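The next block holds one structure in the form of structure tokens; read it before the comments.
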Number of protein chains: 2
Amino acid sequence: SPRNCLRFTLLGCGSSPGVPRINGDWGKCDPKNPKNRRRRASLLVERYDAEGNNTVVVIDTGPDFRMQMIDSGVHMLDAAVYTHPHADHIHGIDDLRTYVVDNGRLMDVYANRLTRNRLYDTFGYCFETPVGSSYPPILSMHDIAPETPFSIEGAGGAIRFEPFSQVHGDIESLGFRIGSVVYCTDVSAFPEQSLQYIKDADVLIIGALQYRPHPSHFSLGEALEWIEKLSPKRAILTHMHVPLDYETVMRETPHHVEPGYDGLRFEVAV
Amino acid sequence: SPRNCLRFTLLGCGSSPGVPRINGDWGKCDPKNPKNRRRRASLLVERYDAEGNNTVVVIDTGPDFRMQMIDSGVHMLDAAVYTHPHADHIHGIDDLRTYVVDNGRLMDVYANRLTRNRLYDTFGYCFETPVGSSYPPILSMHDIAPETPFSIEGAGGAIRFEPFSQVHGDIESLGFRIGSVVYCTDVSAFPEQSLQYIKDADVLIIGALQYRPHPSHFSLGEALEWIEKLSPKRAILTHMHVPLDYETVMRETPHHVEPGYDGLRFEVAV
Ligand SMILES: Nc1nc2c(ncn2[C@@H]2O[C@H](COP(=O)(O)O)[C@@H](O)[C@H]2O)c(=O)[nH]1
Ligand SMILES: Nc1nc2c(ncn2[C@@H]2O[C@H](COP(=O)(O)O)[C@@H](O)[C@H]2O)c(=O)[nH]1
Ligand SMILES: [K+]
Ligand SMILES: [K+]
Ligand SMILES: [Mn+2]
Ligand SMILES: [Mn+2]
Ligand SMILES: [Mn+2]
Ligand SMILES: [Mn+2]
């Protein structure tokens, strides 16, 4: 059992349609390598104390959330933190309901104004019972904003997040630093003020969609450029689309850089 | 390869949180029997011609839709038909996008007014590009209503659906007859006018949630009562929650009645 650590699990490392796409398209990925089967992008963040008690926080609840949590072996949850309101990051939100019953209290969720306002539109019944329904709400909303740290409490002690702004095509997404681990998905550019949060990470988890440019995400080359500038000790690529084959990308990248895979898990000192 | 037939695949046969729940709760289900692992409720409907060309229609696109379609081995889709606007039946809707690209045209979806109006609220971006976005819409909406048959065209020939009203707790859901196969999920009572569509089926797929009463679904006993009255040649139970173990329910039910399982597949004459 883990003790005296943060533990991170890469729940999903795929692009918005997953790998393979729903039509069975693997792109250039080797279908025989299980590491190329990719769920939608999400990160589990845990803190364990000396006795193995844990605080558990998920970053994003996409459509794969339920299977991600089942397969993680972690059976409790303290909070959900959201990057931005795109389908692949939010459409598994209803599956928070079981934990509300287990915990006997609303699930604390964390989101910026843009994300929160879209969740209210799309998933109002999670916040407020609509006319003609008997379903109680399940979520308790908390604001977050770039450059304002926030902490989530739980049985393993507090987990402190440092959110920051990312450009994501035509909208803003959030990245987060947790200790010396940084999570940057759905990003096409980093604003100058965000650099302090992303440099000198022990582990930088950074989105690299594909080889060719895309308006909303870094290409592999752009991600590598950023990794060279930010000098993380280790980098892990995420939000990888069907052009990016695990073995191939492993070869093409520096030794301290690797494509992620679903279930990739590591512990770090608190 | 299939020929000259309708083919039905039970894509999912679970209750709204799946089996096991996200917290790893299997209830009374034997976790060692793969048939007890249940995705959210959905049915694939295909028509094959003499040369093996197919028309493909899905009933409901819940969170498991992508994996359901991948695992089905069927890599194309002509339409989606919706029963009612509950999370477990609609929150995988974004994953229709790949087929829109493949088909070069909007995905035809079919829904009653209640369902359509909720989809417009929750998933507006699928119908109409919102302010500040460049994402084109992906869906083309068609009305359906109880007692009004409708047909979907495709490469395998037309598939004719006969929709009818079901009581589902505080709302209405739709059931459908396709030839002599009937699909009745999320139903707590059948209105008198719907009986003509449900009697004398070759195969009746009918929701049975659990043993104890529930306001929104038939219990196993209630489902069996209905099966005795409607005299289907074969019945398959669906939308089964964690109290209902496959082997156990198999024993407890008449020979012509069985609990479903994900991937359950059969062909019938056109
Ligand atoms: N919930 C939501 N999803 C959107 C919206 N516009 C696009 N999407 C979906 O969000 C995803 C964008 O994927 P990305 O390439 O940023 O990972 C796709 O699944 C796309 O269909 C929107 O306005 N709301
Ligand atoms: N999309 C949507 N889902 C709902 C609403 N109210 C309840 N739900 C969800 O719909 C499901 C109801 O499940 P049922 O027991 O009918 O299979 C649960 O996942 C529940 O959280 C609603 O107003 N809209
Ligand atoms: K490498
Ligand atoms: K039986
Ligand atoms: Mn994304
Ligand atoms: Mn995005
Ligand atoms: Mn349901
Ligand atoms: Mn329902």
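FYI, nothing fancy with the structure tokens labels: chains A, B, ... in order, residues from 1 per chain, ligands from 1 as they appear.
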Per-residue nearest contacts of chain B to chain A (7 Å; only C-alpha atoms) as a tab-separated table:
residue	atom	partner	partner_atom	distance
B:17	CA	A:95	CA	6.6
B:22	CA	A:66	CA	5.0
B:23	CA	A:75	CA	4.4
B:24	CA	A:70	CA	5.8
B:63	CA	A:63	CA	5.3
B:66	CA	A:22	CA	5.0
B:69	CA	A:22	CA	6.2
B:70	CA	A:22	CA	5.6
B:75	CA	A:23	CA	4.4
B:76	CA	A:23	CA	6.3
B:87	CA	A:94	CA	6.7
B:91	CA	A:91	CA	5.9
B:92	CA	A:63	CA	6.8
B:94	CA	A:87	CA	6.7
B:95	CA	A:17	CA	6.6
B:98	CA	A:22	CA	6.9
B:121	CA	A:122	CA	6.4
B:122	CA	A:122	CA	3.9
B:123	CA	A:122	CA	6.7
Contacts between ligand 7 and chain B, please, where a residue of chain B counts if it comes within 10 Å (with only C-alpha atoms and all ligand atoms); show its shortest atom pair and distance in Å to one decimal, rows by chain and ascending number, as JSON lines.
{"residue": "B:13", "atom": "CA", "partner": "ligand 7", "partner_atom_place_in_ligand_line": "1 (Mn)", "distance": 9.7}
{"residue": "B:14", "atom": "CA", "partner": "ligand 7", "partner_atom_place_in_ligand_line": "1 (Mn)", "distance": 8.2}
{"residue": "B:15", "atom": "CA", "partner": "ligand 7", "partner_atom_place_in_ligand_line": "1 (Mn)", "distance": 5.9}
{"residue": "B:16", "atom": "CA", "partner": "ligand 7", "partner_atom_place_in_ligand_line": "1 (Mn)", "distance": 5.1}
{"residue": "B:17", "atom": "CA", "partner": "ligand 7", "partner_atom_place_in_ligand_line": "1 (Mn)", "distance": 9.0}
{"residue": "B:18", "atom": "CA", "partner": "ligand 7", "partner_atom_place_in_ligand_line": "1 (Mn)", "distance": 9.9}
{"residue": "B:40", "atom": "CA", "partner": "ligand 7", "partner_atom_place_in_ligand_line": "1 (Mn)", "distance": 7.4}
{"residue": "B:41", "atom": "CA", "partner": "ligand 7", "partner_atom_place_in_ligand_line": "1 (Mn)", "distance": 6.6}
{"residue": "B:42", "atom": "CA", "partner": "ligand 7", "partner_atom_place_in_ligand_line": "1 (Mn)", "distance": 9.4}
{"residue": "B:60", "atom": "CA", "partner": "ligand 7", "partner_atom_place_in_ligand_line": "1 (Mn)", "distance": 9.9}
{"residue": "B:62", "atom": "CA", "partner": "ligand 7", "partner_atom_place_in_ligand_line": "1 (Mn)", "distance": 9.2}
{"residue": "B:83", "atom": "CA", "partner": "ligand 7", "partner_atom_place_in_ligand_line": "1 (Mn)", "distance": 9.3}
{"residue": "B:84", "atom": "CA", "partner": "ligand 7", "partner_atom_place_in_ligand_line": "1 (Mn)", "distance": 8.5}
{"residue": "B:85", "atom": "CA", "partner": "ligand 7", "partner_atom_place_in_ligand_line": "1 (Mn)", "distance": 9.1}
{"residue": "B:86", "atom": "CA", "partner": "ligand 7", "partner_atom_place_in_ligand_line": "1 (Mn)", "distance": 6.4}
{"residue": "B:87", "atom": "CA", "partner": "ligand 7", "partner_atom_place_in_ligand_line": "1 (Mn)", "distance": 7.6}
{"residue": "B:88", "atom": "CA", "partner": "ligand 7", "partner_atom_place_in_ligand_line": "1 (Mn)", "distance": 5.5}
{"residue": "B:89", "atom": "CA", "partner": "ligand 7", "partner_atom_place_in_ligand_line": "1 (Mn)", "distance": 6.3}
{"residue": "B:90", "atom": "CA", "partner": "ligand 7", "partner_atom_place_in_ligand_line": "1 (Mn)", "distance": 9.7}
{"residue": "B:168", "atom": "CA", "partner": "ligand 7", "partner_atom_place_in_ligand_line": "1 (Mn)", "distance": 9.4}
{"residue": "B:173", "atom": "CA", "partner": "ligand 7", "partner_atom_place_in_ligand_line": "1 (Mn)", "distance": 9.8}
{"residue": "B:185", "atom": "CA", "partner": "ligand 7", "partner_atom_place_in_ligand_line": "1 (Mn)", "distance": 7.2}
{"residue": "B:186", "atom": "CA", "partner": "ligand 7", "partner_atom_place_in_ligand_line": "1 (Mn)", "distance": 5.4}
{"residue": "B:187", "atom": "CA", "partner": "ligand 7", "partner_atom_place_in_ligand_line": "1 (Mn)", "distance": 9.1}
{"residue": "B:207", "atom": "CA", "partner": "ligand 7", "partner_atom_place_in_ligand_line": "1 (Mn)", "distance": 9.2}
{"residue": "B:209", "atom": "CA", "partner": "ligand 7", "partner_atom_place_in_ligand_line": "1 (Mn)", "distance": 9.4}
{"residue": "B:216", "atom": "CA", "partner": "ligand 7", "partner_atom_place_in_ligand_line": "1 (Mn)", "distance": 9.1}
{"residue": "B:217", "atom": "CA", "partner": "ligand 7", "partner_atom_place_in_ligand_line": "1 (Mn)", "distance": 8.8}
{"residue": "B:238", "atom": "CA", "partner": "ligand 7", "partner_atom_place_in_ligand_line": "1 (Mn)", "distance": 10.0}
{"residue": "B:239", "atom": "CA", "partner": "ligand 7", "partner_atom_place_in_ligand_line": "1 (Mn)", "distance": 6.7}
{"residue": "B:240", "atom": "CA", "partner": "ligand 7", "partner_atom_place_in_ligand_line": "1 (Mn)", "distance": 9.7}
Those selected residues, please, written with N, CA and C atoms and delivered as a PDB file, in the first residue's frame.
ATOM      1  N   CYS B  13     -26.676  -3.839 -20.862  1.00  0.00           N
ATOM      2  CA  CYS B  13     -27.819  -4.360 -20.132  1.00  0.00           C
ATOM      3  C   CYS B  13     -27.869  -3.948 -18.652  1.00  0.00           C
ATOM      4  N   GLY B  14     -27.072  -2.954 -18.263  1.00  0.00           N
ATOM      5  CA  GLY B  14     -27.030  -2.485 -16.887  1.00  0.00           C
ATOM      6  C   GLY B  14     -27.951  -1.330 -16.575  1.00  0.00           C
ATOM      7  N   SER B  15     -28.083  -1.084 -15.270  1.00  0.00           N
ATOM      8  CA  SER B  15     -28.726   0.082 -14.663  1.00  0.00           C
ATOM      9  C   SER B  15     -27.867   1.332 -14.828  1.00  0.00           C
ATOM     10  N   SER B  16     -28.377   2.484 -14.404  1.00  0.00           N
ATOM     11  CA  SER B  16     -27.684   3.744 -14.662  1.00  0.00           C
ATOM     12  C   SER B  16     -26.230   3.876 -14.155  1.00  0.00           C
ATOM     13  N   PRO B  17     -25.867   3.270 -13.021  1.00  0.00           N
ATOM     14  CA  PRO B  17     -24.446   3.370 -12.630  1.00  0.00           C
ATOM     15  C   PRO B  17     -23.549   2.227 -13.169  1.00  0.00           C
ATOM     16  N   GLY B  18     -24.130   1.321 -13.954  1.00  0.00           N
ATOM     17  CA  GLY B  18     -23.417   0.160 -14.467  1.00  0.00           C
ATOM     18  C   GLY B  18     -23.245  -0.887 -13.385  1.00  0.00           C
ATOM     19  N   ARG B  40     -24.078   0.576 -19.722  1.00  0.00           N
ATOM     20  CA  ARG B  40     -25.379   1.223 -19.703  1.00  0.00           C
ATOM     21  C   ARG B  40     -26.223   0.831 -20.922  1.00  0.00           C
ATOM     22  N   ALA B  41     -27.537   0.904 -20.757  1.00  0.00           N
ATOM     23  CA  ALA B  41     -28.491   0.195 -21.626  1.00  0.00           C
ATOM     24  C   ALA B  41     -28.539   0.740 -23.038  1.00  0.00           C
ATOM     25  N   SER B  42     -28.341  -0.119 -24.021  1.00  0.00           N
ATOM     26  CA  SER B  42     -28.363   0.269 -25.422  1.00  0.00           C
ATOM     27  C   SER B  42     -28.533  -0.972 -26.294  1.00  0.00           C
ATOM     28  N   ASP B  60     -30.192   4.547 -28.238  1.00  0.00           N
ATOM     29  CA  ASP B  60     -29.537   5.286 -27.140  1.00  0.00           C
ATOM     30  C   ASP B  60     -28.007   5.316 -27.260  1.00  0.00           C
ATOM     31  N   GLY B  62     -25.455   6.163 -24.574  1.00  0.00           N
ATOM     32  CA  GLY B  62     -25.019   6.454 -23.220  1.00  0.00           C
ATOM     33  C   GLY B  62     -23.508   6.617 -23.139  1.00  0.00           C
ATOM     34  N   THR B  83     -34.712   6.743 -26.486  1.00  0.00           N
ATOM     35  CA  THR B  83     -35.861   6.379 -25.647  1.00  0.00           C
ATOM     36  C   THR B  83     -36.376   7.531 -24.742  1.00  0.00           C
ATOM     37  N   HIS B  84     -35.445   8.287 -24.163  1.00  0.00           N
ATOM     38  CA  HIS B  84     -35.739   9.305 -23.150  1.00  0.00           C
ATOM     39  C   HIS B  84     -34.423   9.981 -22.720  1.00  0.00           C
ATOM     40  N   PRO B  85     -34.499  11.196 -22.144  1.00  0.00           N
ATOM     41  CA  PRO B  85     -33.296  12.003 -21.889  1.00  0.00           C
ATOM     42  C   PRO B  85     -32.712  11.875 -20.483  1.00  0.00           C
ATOM     43  N   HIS B  86     -32.262  10.685 -20.168  1.00  0.00           N
ATOM     44  CA  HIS B  86     -31.573  10.420 -18.919  1.00  0.00           C
ATOM     45  C   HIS B  86     -30.119  10.132 -19.248  1.00  0.00           C
ATOM     46  N   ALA B  87     -29.248  10.556 -18.340  1.00  0.00           N
ATOM     47  CA  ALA B  87     -27.789  10.485 -18.474  1.00  0.00           C
ATOM     48  C   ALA B  87     -27.262   9.198 -19.105  1.00  0.00           C
ATOM     49  N   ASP B  88     -27.743   8.078 -18.590  1.00  0.00           N
ATOM     50  CA  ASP B  88     -27.253   6.774 -18.992  1.00  0.00           C
ATOM     51  C   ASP B  88     -27.642   6.402 -20.419  1.00  0.00           C
ATOM     52  N   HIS B  89     -28.515   7.203 -21.044  1.00  0.00           N
ATOM     53  CA  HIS B  89     -29.006   6.991 -22.397  1.00  0.00           C
ATOM     54  C   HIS B  89     -28.568   8.040 -23.420  1.00  0.00           C
ATOM     55  N   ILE B  90     -27.955   9.127 -22.966  1.00  0.00           N
ATOM     56  CA  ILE B  90     -27.632  10.208 -23.871  1.00  0.00           C
ATOM     57  C   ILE B  90     -26.218  10.813 -23.748  1.00  0.00           C
ATOM     58  N   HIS B 168     -42.439   5.906 -17.110  1.00  0.00           N
ATOM     59  CA  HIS B 168     -41.116   5.750 -16.509  1.00  0.00           C
ATOM     60  C   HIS B 168     -41.055   6.643 -15.282  1.00  0.00           C
ATOM     61  N   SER B 173     -41.121   7.367 -21.309  1.00  0.00           N
ATOM     62  CA  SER B 173     -40.079   6.869 -22.198  1.00  0.00           C
ATOM     63  C   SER B 173     -40.721   6.177 -23.387  1.00  0.00           C
ATOM     64  N   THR B 185     -37.101  -0.684 -22.334  1.00  0.00           N
ATOM     65  CA  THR B 185     -36.265  -0.287 -21.182  1.00  0.00           C
ATOM     66  C   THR B 185     -36.851   0.953 -20.500  1.00  0.00           C
ATOM     67  N   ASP B 186     -36.521   1.109 -19.222  1.00  0.00           N
ATOM     68  CA  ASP B 186     -36.902   2.289 -18.459  1.00  0.00           C
ATOM     69  C   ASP B 186     -38.408   2.473 -18.447  1.00  0.00           C
ATOM     70  N   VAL B 187     -39.067   1.459 -17.923  1.00  0.00           N
ATOM     71  CA  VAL B 187     -40.517   1.412 -17.892  1.00  0.00           C
ATOM     72  C   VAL B 187     -41.011   0.880 -16.547  1.00  0.00           C
ATOM     73  N   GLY B 207     -37.008  -4.306 -19.388  1.00  0.00           N
ATOM     74  CA  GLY B 207     -36.262  -3.919 -18.206  1.00  0.00           C
ATOM     75  C   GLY B 207     -36.806  -4.546 -16.928  1.00  0.00           C
ATOM     76  N   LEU B 209     -35.193  -4.090 -13.077  1.00  0.00           N
ATOM     77  CA  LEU B 209     -34.100  -3.409 -12.380  1.00  0.00           C
ATOM     78  C   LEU B 209     -33.506  -4.251 -11.256  1.00  0.00           C
ATOM     79  N   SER B 216     -39.460   3.883 -10.815  1.00  0.00           N
ATOM     80  CA  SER B 216     -39.197   4.169 -12.224  1.00  0.00           C
ATOM     81  C   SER B 216     -39.004   2.932 -13.094  1.00  0.00           C
ATOM     82  N   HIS B 217     -38.908   1.757 -12.471  1.00  0.00           N
ATOM     83  CA  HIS B 217     -38.675   0.513 -13.220  1.00  0.00           C
ATOM     84  C   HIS B 217     -39.416  -0.659 -12.642  1.00  0.00           C
ATOM     85  N   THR B 238     -33.290  -6.697 -19.265  1.00  0.00           N
ATOM     86  CA  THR B 238     -32.272  -5.677 -19.377  1.00  0.00           C
ATOM     87  C   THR B 238     -32.384  -4.613 -18.300  1.00  0.00           C
ATOM     88  N   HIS B 239     -31.472  -3.643 -18.335  1.00  0.00           N
ATOM     89  CA  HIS B 239     -31.398  -2.550 -17.346  1.00  0.00           C
ATOM     90  C   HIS B 239     -31.345  -3.096 -15.930  1.00  0.00           C
ATOM     91  N   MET B 240     -30.546  -4.164 -15.773  1.00  0.00           N
ATOM     92  CA  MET B 240     -30.424  -4.910 -14.516  1.00  0.00           C
ATOM     93  C   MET B 240     -29.361  -4.312 -13.603  1.00  0.00           C
TER      94      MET B 240
END
Go through the chains and note each residue within 10 Å of ligand 3, using only C-alpha atoms and all ligand atoms, then give the set as a ChimeraX atom specification. /A:234-236,246-259
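For the choices A:179, A:221, A:149, A:27, the atom-to-atom distance to residue A:45 is smallest for A:179 when using only C-alpha atoms.
Picture a line from atom CA of residue A:167 to atom CA of residue A:268; it runs 28.3 Å.
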Write down as a count of residues only the residues belonging to stretch 28-136 of chain A that are assigned alpha helix (DSSP H) by DSSP computed on the backbone. 29
Need to verify the contact set: residue B:183, 9 Å, only C-alpha atoms, exclusion of same-chain residues closer than 6 positions in sequence. Can you return it as a short mmCIF file (atom, residue, chain, number, x, y, z; two decimals) with N, CA and C atoms, in the first residue's frame?
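And here's part.cif as it stands now:
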data_model
loop_
_atom_site.label_atom_id
_atom_site.label_comp_id
_atom_site.auth_asym_id
_atom_site.auth_seq_id
_atom_site.Cartn_x
_atom_site.Cartn_y
_atom_site.Cartn_z
N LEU B 43 -29.16 -0.80 -27.46
CA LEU B 43 -29.43 -1.89 -28.40
C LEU B 43 -28.97 -1.48 -29.80
N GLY B 175 -40.80 2.85 -25.97
CA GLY B 175 -40.41 1.51 -26.42
C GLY B 175 -40.58 1.40 -27.92
N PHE B 176 -39.99 0.36 -28.50
CA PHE B 176 -40.02 0.18 -29.95
C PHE B 176 -40.20 -1.27 -30.32
N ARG B 177 -41.06 -1.51 -31.30
CA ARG B 177 -41.11 -2.81 -31.97
C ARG B 177 -40.40 -2.70 -33.31
N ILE B 198 -46.55 -4.76 -27.88
CA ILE B 198 -45.72 -5.54 -26.97
C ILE B 198 -46.15 -7.01 -26.90
N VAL B 203 -39.23 -11.97 -29.66
CA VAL B 203 -38.27 -11.65 -28.60
C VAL B 203 -38.70 -10.35 -27.92
N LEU B 204 -38.97 -10.41 -26.62
CA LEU B 204 -39.29 -9.22 -25.81
C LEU B 204 -38.10 -8.91 -24.92
N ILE B 205 -37.48 -7.75 -25.15
CA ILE B 205 -36.36 -7.29 -24.31
C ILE B 205 -36.98 -6.26 -23.38
N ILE B 206 -36.96 -6.57 -22.08
CA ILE B 206 -37.77 -5.84 -21.11
C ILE B 206 -36.94 -5.55 -19.86
N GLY B 207 -37.01 -4.31 -19.39
CA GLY B 207 -36.26 -3.92 -18.21
C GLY B 207 -36.81 -4.55 -16.93
#
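Remark: for residue A:11, the closest of the candidate residues A:201, A:59, A:29, A:50 is A:59 (distances computed over only C-alpha atoms).
Going from atom CA of residue A:33 over to atom CA of residue A:260, you cover 13.0 Å.
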Secondary structure check, strand (DSSP E) residues of stretch 24-163 of chain B, as a PyMOL selection string: chain B and resi 42-48+54-59+79-81+107-111+139-143+150-152+159-163
Using only C-alpha atoms, determine which residues lie at most 10 Å from residue B:1, disregarding the query and same-chain residues fewer than 2 positions distant; provide the list as a PyMOL selection string. chain B and resi 3+48+51-53
Computed interatomic separation between atom CA of residue A:172 and atom CA of residue A:78 (Å): 25.5 Å
